[PDB]
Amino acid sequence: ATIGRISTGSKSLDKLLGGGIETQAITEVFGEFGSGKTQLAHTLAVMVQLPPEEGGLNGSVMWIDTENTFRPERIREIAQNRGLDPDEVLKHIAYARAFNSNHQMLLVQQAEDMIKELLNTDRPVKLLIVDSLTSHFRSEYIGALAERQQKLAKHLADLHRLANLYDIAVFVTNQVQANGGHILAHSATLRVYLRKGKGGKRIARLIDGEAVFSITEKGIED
């Protein structure tokens, strides 16, 4: 398949990304608590449902939530301010809460079944969100870094396989602050550092110019 792109909702961020986040790729956004990673996830879950003329892929979404941070009412607001019907947008987001890191790993295998079911339809899965990818692994493997890296490595390999095999954009978030960070090392296809700036602006930079955007009723925008 050709590489599809999903607009982030911000022209600035899209330019930094070459048009948007790519299918057949893992995009990892990392930054401190409150930097806007989950807002970007919510916005992408709407944008992907637009037609290509508007920066989407007419796609369905799957969302693995590890911190109970998915907000359907926020999806509704973004959809209504992106000219979509909020009920239809929510009906095309498959949502699951991961209880722990092992359940999170099983959910990726479960996601493949729904991906296969939708593959030949007019609304194939085009976006798989894992928010937060690292939170359970970090808490469960304190003092056991080598084992944590083994399990993360297989999890990321599973997500890669889905991205490439089924032409899906995988979008993952990773909280990194004071003294923390191996990030995801070199595993993601693309690493985006996100931070707060003056006056509530958010600033994004590719790791390995800078885009500036705001969080609004449209999700994010310039």
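A residue's number is simply how far along the shown sequence it sits, counting from 1. Basically, rigid core = biggest C-alpha set you can superpose within 1.5 Å across the two forms.
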{"property": "Greatest C-alpha divergence in 8 other deposited structures of this protein once each structure is fitted on the rigid core, 173-181 or 154-162", "result": "173-181"}
{"property": "Deposited residues omitted from coordinates between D208 and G209, as a class", "result": "4 to 9"}
{"property": "Stretch exceeding the other in mean C-alpha B-factor - 173-181, 44-52", "result": "173-181"}
{"property": "Greater mean Cα temperature factor according to the PDB record, 191-199 or 161-169", "result": "191-199"}
{"property": "Residue with maximal Cα B-factor (values as given in the PDB entry) among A144, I93, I129, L107", "result": "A144"}
{"property": "Third of chain Cα B-factors occupied by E28", "result": "lowest"}
{"property": "Chain thirds of CA B-factor: placement of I78", "result": "lowest"}
{"property": "CA B-factor ranking of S135, expressed as a third of its chain", "result": "middle"}
{"property": "Among modelled residues of the same chain, the CA temperature factor third for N58", "result": "middle"}
{"property": "B-factor third for the C-alpha atom of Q39 within its chain", "result": "middle"}
